[PDB]
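**Q** Next up is a structure, given as structure tokens.
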Amino acid sequence: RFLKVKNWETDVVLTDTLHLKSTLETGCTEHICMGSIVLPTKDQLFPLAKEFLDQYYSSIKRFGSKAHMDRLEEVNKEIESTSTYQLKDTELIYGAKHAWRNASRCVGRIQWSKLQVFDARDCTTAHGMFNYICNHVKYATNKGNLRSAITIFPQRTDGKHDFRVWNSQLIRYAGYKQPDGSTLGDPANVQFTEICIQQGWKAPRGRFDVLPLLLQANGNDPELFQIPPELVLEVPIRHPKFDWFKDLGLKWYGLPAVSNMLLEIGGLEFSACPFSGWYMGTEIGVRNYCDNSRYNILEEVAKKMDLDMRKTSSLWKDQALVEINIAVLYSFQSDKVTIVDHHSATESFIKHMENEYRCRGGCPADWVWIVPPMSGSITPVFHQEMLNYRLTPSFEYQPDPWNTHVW
Amino acid sequence: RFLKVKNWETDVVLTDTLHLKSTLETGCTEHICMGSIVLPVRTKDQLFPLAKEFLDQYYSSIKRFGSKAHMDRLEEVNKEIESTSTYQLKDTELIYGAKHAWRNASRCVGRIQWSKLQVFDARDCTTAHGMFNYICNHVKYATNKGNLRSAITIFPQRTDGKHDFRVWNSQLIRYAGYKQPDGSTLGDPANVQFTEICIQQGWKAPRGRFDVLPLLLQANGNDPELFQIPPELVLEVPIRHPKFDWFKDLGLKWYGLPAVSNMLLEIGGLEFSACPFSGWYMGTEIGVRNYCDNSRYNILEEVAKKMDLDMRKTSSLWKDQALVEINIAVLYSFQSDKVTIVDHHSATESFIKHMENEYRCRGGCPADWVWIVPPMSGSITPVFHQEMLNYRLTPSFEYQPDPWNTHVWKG
Ligand code: HEM
Ligand code: HEM
Ligand SMILES: Cc1cc(N)nc(C[C@@H]2CNC[C@@H]2OCCNCCc2cccc(F)c2)c1
Ligand SMILES: Cc1cc(N)nc(C[C@@H]2CNC[C@@H]2OCCNCCc2cccc(F)c2)c1
Ligand SMILES: C[C@H](O)[C@H](O)[C@H]1CNc2nc(N)[nH]c(=O)c2N1
Ligand SMILES: C[C@H](O)[C@H](O)[C@H]1CNc2nc(N)[nH]c(=O)c2N1
Ligand SMILES: [Zn+2]
């Protein structure tokens with residue numbers, strides 16, 4: 001029932017009681033652990049609504065009050081007659097902040113309660129979506145002093161009227177396969193980049209082409225839109241000591257803004273719900289630049305540091321990886337754009353765990369995702385036992401709509 | 001029912017059917033994953049099925065499943081069990097047994113090596129002194145003057161669990177750590193408690209940053225007794241850096257032979273509570289963990305100082321810079337002295353070919369992602385991008401409590 005988590009660096013032991021209020025399934029059984037797998041009705045809706053509203057009213061310390069009780073009735077009546085219901089603004093804001101609070105894969109949740117919510121449930125068209133998004137981008141960016149935000153489009157209905165942002169992030173770079181055989185730009189977005197061009201995007205066909213947005217309103221065929229270039233804050237990448245570094249022509253964008261997820265609040269499904277905070281340095285320096293499936297630039301970088309690339313045991317990949325990441329951090333900082341390093345992020349996430357443990361009775365955390373893709377054991381989270389479980393409200397991965405929609 | 005794992009870098013999808021032969025539990029449920037938790041006397045009743053399972057396995061793999069030879073051995077073990085309540089493994093079974101425990105060790109990146117394991121059978125051992133000598137020979141053979149070879153020594157199985165063979169050291173070779181009256185430890189901090197226990201049994205401690213602790217050995221459930229590994233048997237590598245000449249002046253060395261002595265080898269239901277095993281190091285075990293954990297030698301501060309890194313903001317990645325140099329030094333030192341070591345790139349790459357081969361020939365390979373991915377440079381090693389299934393197969397190595405917590409003293 002009660003379960004302990006031990007930190008093996010500090011010996012601090014925490015007791016998790018929050019898991020018993022756990023809802024969905026993990027993918028694991030008594031027989032098999034799936035911790036490292038990336039993807040493991042009126043009757044159905046009311047329990048979900050009730051469960052959500054009970055946590056809301058308890059959170060505002062009016063559990064069992066008439067204000068509480070009255071609301072449970074109204075939602076039930078609306079379900080029985082309308083087949084869905086609408087969240088109050090208070091509920092929407094609480095629902096959103098908690099979906100982030102419950103995201104077991106996010107190292108940055110110390111911040112969870114500072115989420116600016118933009119209610120875009122009155123949106124009806126893709127142009128409308130584009131407007132709400134540009135406003136999201138500008139508010140969030142704040143000329144480099146980034147602030148967390150999420151924008152919530154209308155909730156699923158019969159499911160054929162879904163609002164969706166097709167891009168996986170508001171801001172990402174194109175990818176083109178070349179007659180050469182290699183790939184120009186980001187090969188993560190190759191498919192999506194063709195889909196855009198296959199819908200009349202004049203792609204400048206470069207390495208760092210900011211992609212156009214594909215907005216789907218009300219289950220309609222989606223449309224292209226170019227984020228005002230002045231709204232996309234980008235950072236040229238230089239090193240505090242390697243002068244030649246800029247000659248690689250590396251740039252990255254300041255705003256990570258995840259837009260392919262599904263927000264579930266009290267049984268309601270918000271299928272377009274882009275949110276954004278700010279980067280941990282390693283997301284760009286380690287993953288975006290150094291993954292083989294990505295910009296994959298280690299080979300070329302080590303070659304400029306004059307490192308011995310003849311044997312893996314010289315650790316040249318490792319030397320170059322550090323420098324690449326020093327440079328990302330330095331570049332963003334020089335330009336006063338919010339970024340956080342993995343030491344500082346993970347340190348803040350331990351403080352946030354301890355808070356969640358005494359304050360909430362626990363904190364679902366996915367260790368595989370929380371530990372940075374560099375220097376794991378020199379970050380405090382490496383030594384921290386974490387329990388992983390699915391609470392609601394939540395964000396959930398949804399598959400690329402192009403796999404789904406018809407025209 | 002088949003399960004698939006994806007490699008997110010290569011898009012290679014594998015199909016695991018071996019998880020179907022798993023019986024033991026994981027600590028996980030449909031409602032909780034305990035994937036990151038470190039730790040999540042047997043009756044005749046339960047024993048024969050475990051024997052039977054095991055021997056069905058052995059005979060399958062030698063291609064004798066169903067043979068008169070297989071049925072005879074089942075019957076013979078059967079009888080032996082109800083007559084004497086336990087049973088003895090044949091040699092061929094013991095060897096098969098201990099290879100498979102390593103094979104099934106899901107937290108072990110070194111398994112491409114599994115079929116090459118030198119089993120020493122120490123099941124005629126009866127005293128601690130007997131234990132010392134078996135172990136000395138283990139260490140000599142395994143070392144092989146720096147050209148390390150994998151080995152395990154198996155002392156007698158548990159009986160009533162009142163007569164256990166134990167090695168009190170968690171590794172056969174490990175440095176002392178001595179807590180000072182001011183809170184600083186002198187030496188490796190992981191071994192403070194064991195160090196004191198040794199000191200208590202009358203070991204006279206040199207008290208330096210690198211003293212090789214004595215073996216504490218328990219035979220037949222008896223109290224244990226001290227013993228010095230002969231120093232000429234203990235291969236050590238002083239740590240220097242290829243370009244940094246001041247690195248040697250930090251006075252660091254490490255031992256060559258990693259030899260886990262605190263685990264339990266279960267084969268066909270039998271429990272071998274002393275089965276020290278040894279292989280060779282992946283460099284990061286020393287360079288990242290042993291040296292750079294805060295709870296270990298903690299040399300980061302000292303190394304980065306000497307390198308003149310900017311130490312006033314963590315965002316200089318000074319800590320990350322110093323970590324790499326230390327790891328370069330470890331691999332450099334070991335190669336220079338011709339002591340076997342493998343780097344984390346080479347090791348994870350081998351594990352991937354191993355894993356892939358293990359799906360092809362065995363229908364799977366249990367693997368614990370959290371332990372397999374190295375504790376530095378995770379994503380630039382290919383295991384990071386590897387989906388893994390973790391499950392428990394027997395034979396197996398199990399953790400067991402430190403015995404001073406359990407052992408009842410005779411005095
Ligand atoms: C404020 C700074 C933030 C930091 C530093 C941060 C950090 C991260 C990181 C490092 C990851 C995994 C990254 C990856 O490799 O893909 C992640 C995942 C995630 N984060 Fe955050 N986060 C922040 C803000 C937010 C916000 C505002 C939300 C939503 C309100 C959020 C929700 C999520 C979710 C749902 C995931 C899992 C994504 C997936 O499955 O692909 N985070 N976070
Ligand atoms: C060929 C040399 C080997 C290499 C490079 C290697 C690699 C490793 C590493 C790096 C670990 C985890 C290290 C740690 O953090 O404690 C490990 C764990 C383990 N290995 Fe190996 N291994 C090797 C040989 C062996 C052998 C010969 C056996 C048994 C015959 C074995 C069985 C195990 C077991 C049971 C664990 C888990 C230990 C625990 O849970 O504390 N390995 N392996
Ligand atoms: C297949 C699949 C499943 C899943 N759940 N997720 C993905 C996105 C991939 C995975 N891992 C990297 C990449 O996502 C790209 C990075 N995501 C940014 C997370 C972040 C950081 C700071 C602030 C934020 F608002 C958000 C793919
Ligand atoms: C509590 C607990 C449970 C468990 N299963 N294990 C431990 C040992 C920890 C793991 N990490 C630090 C320390 O183990 C240090 C010893 N690990 C060497 C593994 C190895 C490498 C190469 C060849 C070999 F034969 C063996 C503690
Ligand atoms: C297969 C494995 O689960 C996969 O590569 C994971 C590992 N940990 C991760 N961790 C984070 N933060 N982001 C990721 O994309 C991944 N990928
Ligand atoms: C809490 C966490 O499970 C623990 O610190 C683990 C993580 N992964 C590890 N991986 C290896 N190889 N060795 C370890 O000691 C650990 N420690
Ligand atoms: Zn699990």
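Ordering of the structure tokens sets the chain letters (A, B, ...); residue numbers start at 1 within each chain; ligands are numbered from 1 in the order shown.
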Residues within 7 Å of ligand 1, counting only C-alpha atoms and all ligand atoms: report them as a PyMOL selection string.
**A** chain A and resi 96-97+100+103+105-109+111-112+115+148-150+275-280+283+340+345+369-370+395+397
**Q** Chain A near chain B within 7 Å: what's each residue's closest atom pair and its distance in Å to one decimal, counting only C-alpha atoms, ordered by chain then ascending residue number, as a tab-separated table?
**A**
residue	atom	partner	partner_atom	distance
A:9	CA	B:295	CA	5.9
A:22	CA	B:31	CA	6.8
A:24	CA	B:31	CA	6.8
A:25	CA	B:30	CA	5.1
A:26	CA	B:30	CA	5.3
A:27	CA	B:30	CA	6.1
A:28	CA	B:30	CA	5.4
A:29	CA	B:29	CA	4.5
A:30	CA	B:25	CA	5.0
A:31	CA	B:25	CA	5.3
A:32	CA	B:391	CA	4.9
A:33	CA	B:390	CA	5.0
A:34	CA	B:389	CA	5.9
A:35	CA	B:35	CA	5.9
A:36	CA	B:387	CA	5.5
A:37	CA	B:387	CA	5.2
A:291	CA	B:380	CA	6.7
A:292	CA	B:9	CA	6.8
A:293	CA	B:9	CA	5.7
A:312	CA	B:345	CA	6.4
A:313	CA	B:343	CA	5.7
A:314	CA	B:328	CA	6.3
A:315	CA	B:328	CA	6.4
A:318	CA	B:377	CA	6.5
A:319	CA	B:324	CA	6.5
A:322	CA	B:321	CA	6.4
A:326	CA	B:316	CA	6.1
A:329	CA	B:315	CA	6.7
A:341	CA	B:315	CA	5.8
A:343	CA	B:314	CA	6.7
A:367	CA	B:36	CA	6.3
A:368	CA	B:370	CA	6.6
A:373	CA	B:378	CA	4.8
A:374	CA	B:377	CA	4.2
A:375	CA	B:376	CA	4.0
A:376	CA	B:375	CA	4.9
A:377	CA	B:375	CA	4.9
A:378	CA	B:293	CA	6.5
A:385	CA	B:37	CA	5.3
A:386	CA	B:36	CA	5.9
A:387	CA	B:34	CA	5.7
A:388	CA	B:33	CA	5.2
A:389	CA	B:32	CA	5.1
**Q** Could the residues in this selection be written to a file with C-alpha atoms, as an mmCIF file, in the first residue's frame?
**A**
data_model
loop_
_atom_site.group_PDB
_atom_site.id
_atom_site.type_symbol
_atom_site.label_atom_id
_atom_site.label_comp_id
_atom_site.auth_asym_id
_atom_site.auth_seq_id
_atom_site.Cartn_x
_atom_site.Cartn_y
_atom_site.Cartn_z
ATOM 1 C CA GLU A 9 23.480 9.451 -2.444
ATOM 2 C CA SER A 22 -3.664 6.152 -9.079
ATOM 3 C CA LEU A 24 -4.698 4.369 -15.482
ATOM 4 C CA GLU A 25 -2.412 1.417 -16.421
ATOM 5 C CA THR A 26 1.443 1.491 -16.686
ATOM 6 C CA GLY A 27 2.149 -1.286 -19.201
ATOM 7 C CA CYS A 28 4.058 -3.273 -16.530
ATOM 8 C CA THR A 29 2.839 -6.512 -14.905
ATOM 9 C CA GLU A 30 4.184 -8.668 -12.046
ATOM 10 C CA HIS A 31 5.975 -10.594 -14.800
ATOM 11 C CA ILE A 32 7.413 -7.888 -17.081
ATOM 12 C CA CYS A 33 8.704 -4.341 -16.640
ATOM 13 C CA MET A 34 7.999 -1.891 -19.511
ATOM 14 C CA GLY A 35 9.574 1.209 -17.982
ATOM 15 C CA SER A 36 11.754 1.855 -21.016
ATOM 16 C CA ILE A 37 9.073 1.345 -23.730
ATOM 17 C CA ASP A 291 21.483 11.900 -32.017
ATOM 18 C CA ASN A 292 22.366 9.921 -35.137
ATOM 19 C CA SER A 293 18.746 10.226 -36.325
ATOM 20 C CA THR A 312 36.300 4.881 -29.354
ATOM 21 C CA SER A 313 38.396 4.693 -26.165
ATOM 22 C CA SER A 314 39.798 8.228 -26.602
ATOM 23 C CA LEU A 315 36.281 9.390 -25.544
ATOM 24 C CA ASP A 318 32.321 12.508 -25.020
ATOM 25 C CA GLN A 319 34.709 15.467 -25.168
ATOM 26 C CA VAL A 322 30.487 18.507 -23.459
ATOM 27 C CA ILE A 326 28.754 24.348 -23.121
ATOM 28 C CA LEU A 329 24.219 27.192 -22.680
ATOM 29 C CA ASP A 341 21.368 23.405 -17.434
ATOM 30 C CA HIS A 343 22.556 20.144 -13.068
ATOM 31 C CA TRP A 367 13.445 7.861 -14.079
ATOM 32 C CA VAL A 368 14.280 6.888 -17.647
ATOM 33 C CA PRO A 373 21.041 12.068 -21.684
ATOM 34 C CA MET A 374 24.475 13.250 -20.475
ATOM 35 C CA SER A 375 26.347 12.971 -17.147
ATOM 36 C CA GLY A 376 23.534 10.954 -15.500
ATOM 37 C CA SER A 377 25.279 9.930 -12.324
ATOM 38 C CA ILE A 378 26.727 13.363 -11.587
ATOM 39 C CA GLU A 385 14.422 6.139 -6.538
ATOM 40 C CA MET A 386 11.257 7.176 -8.362
ATOM 41 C CA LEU A 387 7.852 5.546 -8.618
ATOM 42 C CA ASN A 388 5.961 5.838 -11.818
ATOM 43 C CA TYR A 389 2.190 5.952 -12.096
#
**Q** Among the residues of region 13-151 of chain A, find those DSSP assigns to alpha helix (DSSP H) from the backbone and print them as a ChimeraX atom specification.
**A** /A:42-59,66-82,89-101,126-141
**Q** Which residues are close to residue 286 (chain B), i.e. within 8 Å by only C-alpha atoms, leaving aside same-chain residues fewer than 5 positions away? Reply as a compact mmCIF listing (two decimals) with C-alpha atoms, in the first residue's frame.
**A**
# COMPACT_ATOMS: atom_id res chain seq x y z
CA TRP B 254 42.42 1.38 -8.81
CA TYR B 281 35.66 -3.30 -15.81
CA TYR B 291 35.74 8.46 -8.41
CA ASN B 327 37.41 8.79 -17.64
CA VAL B 330 41.23 5.56 -16.41
**Q** Got a sec to tell me which of region 209-398 of chain A DSSP assigns to strand (DSSP E or B), as a PyMOL selection string?
**A** chain A and resi 210+213-216+223-225+234-236+251-253+257-258+261-265+268-270+275-276+280+340+384+388+394-397
**Q** Give the answer as one residue: which of A:12, A:86, A:304, A:180 has the shortest atom-to-atom distance to ligand 6, using only C-alpha atoms and all ligand atoms?
**A**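 Once distances to ligand 6 are computed over only C-alpha atoms and all ligand atoms, the minimum belongs to A:12.
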**Q** What's the 12 Å shell around residue 247 (chain B), counting only C-alpha atoms, without same-chain residues fewer than 2 positions away, as a PyMOL selection string?
**A** chain B and resi 238-245+249-253+299+302-307+322+325-330+332-333
**Q** Within 9 Å of ligand 4 (counting only C-alpha atoms and all ligand atoms), which residues show up? I'd like them as number ranges by chain.
**A** A: 8; B: 38-39, 107-110, 150-152, 170-171, 190, 257-263, 276-282, 285, 289-290, 371, 397-401
**Q** Any idea what's packed within 10 Å of residue 125 (chain B), counting only C-alpha atoms, ignoring anything in its chain fewer than 5 positions away? Could you give it as a list in words?
**A**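 Residues near the query, excluding close chain neighbours: residues 130, 131, 133, 134, 154, 155, 156, 165, 219 and 220 of chain B.
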**Q** Please, could you write that set of residues out with C-alpha atoms as a PDB file, in the first residue's frame?
**A**
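To be explicit, this is the file written out as selection_20.pdb:
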ATOM      1  CA  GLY B 130      39.489 -23.642   2.558  1.00  0.00           C
ATOM      2  CA  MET B 131      37.616 -20.546   1.324  1.00  0.00           C
ATOM      3  CA  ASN B 133      42.589 -20.617  -0.879  1.00  0.00           C
ATOM      4  CA  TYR B 134      39.813 -21.200  -3.336  1.00  0.00           C
ATOM      5  CA  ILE B 154      30.809 -21.816  -6.158  1.00  0.00           C
ATOM      6  CA  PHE B 155      30.876 -22.822  -2.434  1.00  0.00           C
ATOM      7  CA  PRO B 156      28.415 -25.326  -0.973  1.00  0.00           C
ATOM      8  CA  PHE B 165      28.814 -20.166   3.351  1.00  0.00           C
ATOM      9  CA  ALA B 219      32.067 -21.297   6.338  1.00  0.00           C
ATOM     10  CA  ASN B 220      29.318 -23.700   7.274  1.00  0.00           C
TER      11      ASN B 220
END
